[PDB]
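Structure first, then comments.
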Amino acid sequence: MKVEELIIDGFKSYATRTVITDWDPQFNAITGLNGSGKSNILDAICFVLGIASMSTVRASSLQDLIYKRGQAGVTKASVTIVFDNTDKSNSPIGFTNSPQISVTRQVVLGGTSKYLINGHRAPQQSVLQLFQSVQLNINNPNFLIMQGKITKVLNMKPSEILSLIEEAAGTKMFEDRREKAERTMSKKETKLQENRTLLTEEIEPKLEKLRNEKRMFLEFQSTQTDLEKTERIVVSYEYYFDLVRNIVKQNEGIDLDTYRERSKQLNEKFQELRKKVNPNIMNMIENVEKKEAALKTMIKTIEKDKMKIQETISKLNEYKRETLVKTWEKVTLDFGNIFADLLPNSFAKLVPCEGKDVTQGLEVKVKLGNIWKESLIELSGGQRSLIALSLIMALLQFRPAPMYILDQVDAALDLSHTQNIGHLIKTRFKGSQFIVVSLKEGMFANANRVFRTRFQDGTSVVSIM
Amino acid sequence: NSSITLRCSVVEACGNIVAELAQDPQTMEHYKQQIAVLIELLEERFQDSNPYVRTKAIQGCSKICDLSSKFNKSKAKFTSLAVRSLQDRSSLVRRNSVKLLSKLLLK
DNA sequence: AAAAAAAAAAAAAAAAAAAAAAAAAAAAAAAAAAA
DNA sequence: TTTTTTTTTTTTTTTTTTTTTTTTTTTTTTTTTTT
Ligand SMILES: [Mg+2]
């Protein structure tokens, strides 16, 4: 995904529609005076790729990214980026049949942002999954060194140095999804446990009361048949026009008073069981029996579902660990060789922490000569810049991300190492689009494309120098 | 009942049940107070907590005001309730009150 | 020609992550006293 | 003259709360297709 056009509308120092074209796929270099808008170009690229923590875009809010906080006529802030797809090997999934991919993020005042791909709207998970497939994740980057953060890559905790190798291996998108999966499964597990204890306390007691009144309803239906036989015989015998004669000549000579008090003693049980049990309890108990059986089948399938998901993530963790070790060996070898080529008579390796495992975190260890540095706090800003640059280029040598953004990685390097970094990006590390902001001429004089940035009339312009 | 949906249901039910009993020769003598208590109930439901019930009340009042063979006394009270509720908190109840005022001004 | 269905937008409430601030513990450095 | 003890200061790590943004649910509005 080589960037071909970048369209910035209403961003931090950009008040108009600025369209930057003529991007060379090998090495682009942004220059200009101080306060011109170079890091705002890189902040626009970070913003179109998606940020959560707005301190890396240098804002305290989202309306702080619009021009003059949106209170100067430009009430919207939209960033458009266009990617070329003549190389289908680094193309994302599903977008192979489109030679150009446009992504735009818009934010207006008051509300929050909204994304669109190729003109058509999309939520943030779609564009985040689009950019997390060519390892262009901004929320945990292995390609973005912002301004003043080149001498601080070696100050990182071992989980972050592990996460860079994890993003190179391809398993960081599995790791954050696995942690989200465990959290979501815990929340749905306590919800299902509340539902199970509600089923145990509130349903089956009422179900056995329903079974009790079911068997009393069979008794009441026996008395129902008793009424519609005996009371029919009774009202036939006091009615006495030929059918009543035919139903008299089967039971000739039934005693009147005993039949009358038997009718009364049947009707008193009837006026009791009329307010005892409802006459439609059989369809009701069939309905709630089907509901309880389907409910318990659902709970069993949910439990087997959780067991299958848990055993599958436990099986995937082993392949994650094996590809992490296989990535880490090649990356630390190329780390040592690139640091030996940049700074002569030196070496650097990535080592698992003392006593713990490789998948717990990694630490940089630096050799200058034949002595091992016990702590890397005693190194200069230029040496730490070279170790950080050699680590990022080792991650390039494993699996090259398409866009490497470097905001002033040469602020602590001398005039020899700056020209050597420019030469090694122009010659050796082909295979990625480099967007470097520099002020030292030895870096952007070895460039294939140079964009000057200037401040005029209240806005910023980008001129192809 | 604390559910919003059942309150909006029964408010729309009163609105549709007054709005259909407008053809004359069986309405104003067969049921006279059962329809007046529902008109008064739709007037009282302008003050419910969730604004969807207020919106359903105003919409029922606006579909009452179309067919007028009777209850022309109630239209002035609907006008008073609409100009009172023209400055509520939700935009939905305000917009539907503008629609109700336009409906009673056209007719 | 009208009605129904689907998609998008709006409002209110809740949750998660990051940043800033605060507190506690550990280590280092300096000064003084005693054998 | 050296070691030990006490006090003070600084740095790092961990914890807590709030804010902003995002997500979820329901309802409303708009557009398109079918009877
Ligand atoms: Mg800058």
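Here, A, B, ... name the chains of the structure tokens in the order displayed, residue numbers run from 1 inside each chain, and ligands are numbered from 1 in the same displayed order.
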
Which residues are near segment 16-24 of chain C? Cut-off 10 Å, only C-alpha atoms (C1' of nucleotides), ignore same chain within fewer than 3 positions. Put them as a list in words.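 Within the cut-off, the hits are residues 52, 53, 54 and 55 of chain A; 13, 14, 15, 16, 17, 18, 19, 20, 21 and 22 of chain D.
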
Considering only helix (DSSP H, G or I) as DSSP defines it on the backbone, what residues of segment 278-435 of chain A qualify? List them as a VMD selection string. chain A and resid 281 to 342 358 to 360 376 to 378 381 to 398 415 to 426

Just the selected residues (C-alpha atoms), exported as a short mmCIF file (atom, residue, chain, number, x, y, z; two decimals), in the first residue's frame, please.
data_model
loop_
_atom_site.label_atom_id
_atom_site.label_comp_id
_atom_site.auth_asym_id
_atom_site.auth_seq_id
_atom_site.Cartn_x
_atom_site.Cartn_y
_atom_site.Cartn_z
CA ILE A 281 -53.67 -25.87 33.02
CA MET A 282 -52.74 -28.75 30.68
CA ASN A 283 -51.78 -26.54 27.74
CA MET A 284 -50.05 -24.23 30.22
CA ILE A 285 -47.92 -27.03 31.69
CA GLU A 286 -47.13 -28.27 28.17
CA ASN A 287 -45.98 -24.76 27.21
CA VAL A 288 -43.79 -24.22 30.26
CA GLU A 289 -42.38 -27.76 30.04
CA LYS A 290 -41.29 -27.09 26.45
CA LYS A 291 -39.83 -23.74 27.52
CA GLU A 292 -37.89 -25.29 30.42
CA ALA A 293 -36.53 -28.11 28.24
CA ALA A 294 -35.43 -25.71 25.50
CA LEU A 295 -33.91 -23.44 28.15
CA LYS A 296 -31.80 -26.22 29.65
CA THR A 297 -30.71 -27.36 26.18
CA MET A 298 -29.63 -23.77 25.48
CA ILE A 299 -27.64 -23.58 28.72
CA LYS A 300 -25.89 -26.88 27.95
CA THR A 301 -25.01 -25.68 24.44
CA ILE A 302 -23.70 -22.38 25.88
CA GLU A 303 -21.48 -24.26 28.35
CA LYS A 304 -20.12 -26.55 25.61
CA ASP A 305 -19.57 -23.42 23.48
CA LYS A 306 -17.46 -21.81 26.21
CA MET A 307 -15.51 -25.06 26.61
CA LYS A 308 -14.79 -25.20 22.86
CA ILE A 309 -13.71 -21.53 22.71
CA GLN A 310 -11.44 -21.94 25.74
CA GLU A 311 -9.80 -25.11 24.42
CA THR A 312 -9.29 -23.48 21.02
CA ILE A 313 -7.57 -20.39 22.44
CA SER A 314 -5.44 -22.68 24.64
CA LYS A 315 -4.46 -24.58 21.49
CA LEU A 316 -3.70 -21.39 19.55
CA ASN A 317 -1.42 -20.05 22.30
CA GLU A 318 1.15 -22.76 21.51
CA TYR A 319 1.45 -21.79 17.84
CA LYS A 320 1.59 -18.15 18.96
CA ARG A 321 4.52 -18.96 21.26
CA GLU A 322 6.36 -20.96 18.59
CA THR A 323 6.04 -18.23 15.96
CA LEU A 324 7.09 -15.67 18.59
CA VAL A 325 10.34 -17.56 19.25
CA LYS A 326 10.93 -18.11 15.52
CA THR A 327 10.42 -14.38 14.89
CA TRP A 328 12.58 -13.34 17.85
CA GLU A 329 15.68 -15.29 16.78
CA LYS A 330 15.77 -13.86 13.24
CA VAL A 331 14.94 -10.36 14.47
CA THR A 332 17.71 -10.34 17.10
CA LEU A 333 20.20 -11.65 14.51
CA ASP A 334 19.34 -8.90 12.02
CA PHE A 335 19.30 -6.44 14.95
CA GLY A 336 22.89 -7.32 15.78
CA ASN A 337 24.01 -7.17 12.16
CA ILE A 338 22.33 -3.84 11.36
CA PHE A 339 23.71 -2.27 14.55
CA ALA A 340 27.15 -3.64 13.67
CA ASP A 341 26.89 -2.06 10.22
CA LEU A 342 25.65 1.33 11.48
CA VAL A 358 10.62 -14.88 26.05
CA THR A 359 6.84 -14.38 26.03
CA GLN A 360 7.07 -12.30 29.23
CA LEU A 376 21.72 1.09 28.64
CA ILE A 377 21.15 4.32 30.57
CA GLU A 378 24.84 5.27 30.16
CA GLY A 381 21.31 10.04 22.52
CA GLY A 382 22.98 9.26 19.22
CA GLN A 383 23.84 5.68 20.16
CA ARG A 384 20.32 5.15 21.51
CA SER A 385 18.95 6.63 18.29
CA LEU A 386 21.07 4.16 16.32
CA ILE A 387 19.91 1.20 18.44
CA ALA A 388 16.26 2.24 18.00
CA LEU A 389 16.69 2.76 14.24
CA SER A 390 18.47 -0.58 13.90
CA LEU A 391 15.65 -2.30 15.79
CA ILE A 392 13.02 -0.74 13.51
CA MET A 393 15.02 -1.74 10.43
CA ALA A 394 15.45 -5.29 11.78
CA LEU A 395 11.66 -5.42 12.05
CA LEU A 396 11.63 -4.21 8.43
CA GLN A 397 14.00 -7.03 7.47
CA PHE A 398 11.62 -9.58 9.00
CA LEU A 415 26.69 14.65 10.24
CA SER A 416 28.17 11.26 9.30
CA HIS A 417 25.41 9.05 10.69
CA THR A 418 22.68 11.27 9.22
CA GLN A 419 24.10 10.82 5.72
CA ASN A 420 24.61 7.12 6.41
CA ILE A 421 20.95 6.76 7.47
CA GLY A 422 19.82 8.59 4.33
CA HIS A 423 22.04 6.39 2.16
CA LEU A 424 20.92 3.17 3.88
CA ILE A 425 17.26 4.10 3.42
CA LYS A 426 17.88 4.99 -0.24
#

What's the 12 Å shell around residue 17 of chain B, counting only C-alpha atoms (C1' of nucleotides), without same-chain residues fewer than 3 positions away, as a list in words?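 Result of the neighbour search: residues 9, 10, 11, 12, 13, 14, 20, 21, 22, 27, 31, 34, 35, 36, 38, 39, 42, 60, 61, 63 and 64 of chain B.
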
Just write the chosen residues, N, CA and C atoms, as a compact mmCIF listing (two decimals), in the first residue's frame.
# COMPACT_ATOMS: atom_id res chain seq x y z
N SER B 9 -47.93 3.05 24.12
CA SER B 9 -48.96 2.21 23.52
C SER B 9 -50.35 2.66 23.91
N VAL B 10 -50.59 2.83 25.21
CA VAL B 10 -51.93 3.19 25.65
C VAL B 10 -52.25 4.65 25.33
N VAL B 11 -51.24 5.53 25.25
CA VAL B 11 -51.49 6.91 24.84
C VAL B 11 -51.87 6.98 23.36
N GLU B 12 -51.15 6.25 22.50
CA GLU B 12 -51.55 6.16 21.10
C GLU B 12 -52.88 5.45 20.93
N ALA B 13 -53.22 4.54 21.84
CA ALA B 13 -54.52 3.88 21.80
C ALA B 13 -55.64 4.86 22.09
N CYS B 14 -55.45 5.74 23.08
CA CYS B 14 -56.46 6.77 23.35
C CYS B 14 -56.57 7.76 22.20
N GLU B 20 -61.06 8.12 15.76
CA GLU B 20 -61.91 7.35 14.86
C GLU B 20 -63.38 7.52 15.18
N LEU B 21 -63.71 7.83 16.43
CA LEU B 21 -65.09 8.12 16.82
C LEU B 21 -65.38 9.60 16.57
N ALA B 22 -65.46 9.93 15.28
CA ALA B 22 -65.76 11.27 14.82
C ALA B 22 -66.95 11.33 13.88
N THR B 27 -71.74 8.83 18.23
CA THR B 27 -70.65 9.19 19.14
C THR B 27 -71.07 10.06 20.31
N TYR B 31 -71.48 7.24 24.00
CA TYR B 31 -70.39 7.39 24.95
C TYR B 31 -69.98 8.85 24.96
N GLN B 34 -66.88 8.68 28.67
CA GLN B 34 -65.73 7.82 28.41
C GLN B 34 -64.81 8.42 27.36
N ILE B 35 -65.34 9.23 26.45
CA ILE B 35 -64.49 9.92 25.49
C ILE B 35 -63.93 11.21 26.08
N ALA B 36 -64.64 11.83 27.03
CA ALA B 36 -64.16 13.05 27.65
C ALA B 36 -63.06 12.76 28.66
N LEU B 38 -60.96 10.41 28.26
CA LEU B 38 -59.79 10.10 27.45
C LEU B 38 -59.17 11.35 26.86
N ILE B 39 -60.00 12.32 26.46
CA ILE B 39 -59.50 13.63 26.04
C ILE B 39 -58.74 14.30 27.18
N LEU B 42 -55.38 12.41 27.66
CA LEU B 42 -54.40 12.87 26.68
C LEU B 42 -53.88 14.25 27.01
N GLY B 60 -51.16 12.20 19.13
CA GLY B 60 -52.57 11.84 19.25
C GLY B 60 -53.48 13.05 19.26
N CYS B 61 -53.04 14.13 19.91
CA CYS B 61 -53.80 15.38 19.88
C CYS B 61 -53.83 15.99 18.49
N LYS B 63 -53.69 14.28 15.64
CA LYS B 63 -54.61 13.51 14.81
C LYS B 63 -56.04 13.59 15.31
N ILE B 64 -56.27 14.11 16.51
CA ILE B 64 -57.63 14.41 16.94
C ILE B 64 -58.16 15.65 16.22

Protein and nucleic residues near ligand 1, 8 Å, only C-alpha atoms (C1' of nucleotides) and all ligand atoms, as a VMD selection string: chain A and resid 34 to 35 37 to 40 147 407 to 408 437

If you keep N, CA, C and O atoms, can you produce a file of those selected residues as a PDB file, in the first residue's frame?
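Dumped everything to selection19.pdb:
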ATOM      1  N   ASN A  34      10.754  25.886  11.344  1.00  0.00           N
ATOM      2  CA  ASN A  34      10.068  25.532  12.575  1.00  0.00           C
ATOM      3  C   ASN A  34       8.694  26.181  12.612  1.00  0.00           C
ATOM      4  O   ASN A  34       8.531  27.345  12.239  1.00  0.00           O
ATOM      5  N   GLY A  35       7.702  25.420  13.064  1.00  0.00           N
ATOM      6  CA  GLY A  35       6.343  25.915  13.070  1.00  0.00           C
ATOM      7  C   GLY A  35       5.673  25.919  11.719  1.00  0.00           C
ATOM      8  O   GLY A  35       4.744  26.699  11.502  1.00  0.00           O
ATOM      9  N   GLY A  37       4.463  22.918   9.972  1.00  0.00           N
ATOM     10  CA  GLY A  37       3.384  21.956   9.848  1.00  0.00           C
ATOM     11  C   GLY A  37       3.781  20.563   9.406  1.00  0.00           C
ATOM     12  O   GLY A  37       2.964  19.846   8.825  1.00  0.00           O
ATOM     13  N   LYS A  38       5.025  20.163   9.670  1.00  0.00           N
ATOM     14  CA  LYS A  38       5.490  18.840   9.261  1.00  0.00           C
ATOM     15  C   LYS A  38       4.935  17.752  10.173  1.00  0.00           C
ATOM     16  O   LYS A  38       4.376  16.743   9.709  1.00  0.00           O
ATOM     17  N   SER A  39       5.074  17.946  11.485  1.00  0.00           N
ATOM     18  CA  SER A  39       4.496  17.014  12.439  1.00  0.00           C
ATOM     19  C   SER A  39       2.976  17.052  12.423  1.00  0.00           C
ATOM     20  O   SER A  39       2.348  16.088  12.852  1.00  0.00           O
ATOM     21  N   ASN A  40       2.370  18.109  11.880  1.00  0.00           N
ATOM     22  CA  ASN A  40       0.934  18.084  11.649  1.00  0.00           C
ATOM     23  C   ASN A  40       0.556  17.266  10.420  1.00  0.00           C
ATOM     24  O   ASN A  40      -0.538  16.698  10.387  1.00  0.00           O
ATOM     25  N   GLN A 147       8.142  12.816  17.223  1.00  0.00           N
ATOM     26  CA  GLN A 147       9.207  13.783  17.455  1.00  0.00           C
ATOM     27  C   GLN A 147       9.643  13.782  18.913  1.00  0.00           C
ATOM     28  O   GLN A 147       8.819  13.923  19.821  1.00  0.00           O
ATOM     29  N   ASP A 407       9.640  10.841  12.602  1.00  0.00           N
ATOM     30  CA  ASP A 407       9.600  12.264  12.942  1.00  0.00           C
ATOM     31  C   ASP A 407      10.882  12.631  13.672  1.00  0.00           C
ATOM     32  O   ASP A 407      10.991  12.472  14.889  1.00  0.00           O
ATOM     33  N   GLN A 408      11.853  13.132  12.902  1.00  0.00           N
ATOM     34  CA  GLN A 408      13.131  13.660  13.383  1.00  0.00           C
ATOM     35  C   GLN A 408      13.911  12.618  14.183  1.00  0.00           C
ATOM     36  O   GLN A 408      14.189  12.777  15.372  1.00  0.00           O
ATOM     37  N   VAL A 437      10.527  13.222   8.445  1.00  0.00           N
ATOM     38  CA  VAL A 437      10.606  14.657   8.672  1.00  0.00           C
ATOM     39  C   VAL A 437      11.987  14.968   9.219  1.00  0.00           C
ATOM     40  O   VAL A 437      12.398  14.407  10.241  1.00  0.00           O
TER      41      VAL A 437
END

Give the answer as one residue: which of C:34, C:27, C:15, C:2 has the shortest atom-to-atom distance to residue 1 of chain D, using only C-alpha atoms (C1' of nucleotides)? C:34

Just to confirm, what's the straight-line distance from atom CA of residue 62 of chain A to atom CA of residue 46 of chain A in Å (one decimal)?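 Computing the Euclidean distance for atom CA of residue 62 of chain A and atom CA of residue 46 of chain A yields 13.3 Å.
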
I need the residues of segment 48-287 of chain A that end up classed as strand (DSSP E or B) by DSSP on the backbone, written out as a count of residues only. 28

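If you count only C-alpha atoms (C1' of nucleotides) and ignore residues fewer than 5 places along the chain from residue 120 of chain A, what sits within 12 Å of it is residues 101, 102, 103, 104, 105, 114, 115, 126 and 127 of chain A.
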
Using atom CA of residue 54 of chain B and atom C1' of residue 25 of chain D as the two end points, give the distance in Å to one decimal.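 Result for atom CA of residue 54 of chain B versus atom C1' of residue 25 of chain D: 19.8 Å, one decimal.
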
Atomic distance atom CA of residue 449 of chain A - atom CA of residue 465 of chain A, expressed in Å with one decimal: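 Going from atom CA of residue 449 of chain A over to atom CA of residue 465 of chain A covers 8.0 Å.
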
Nearby residues (only C-alpha atoms (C1' of nucleotides)) at most 8 Å from segment 67-76 of chain B, same-chain spacing under 5 positions excluded, as JSON, numbers by chain: {"B": [19, 22, 23, 24, 104]}
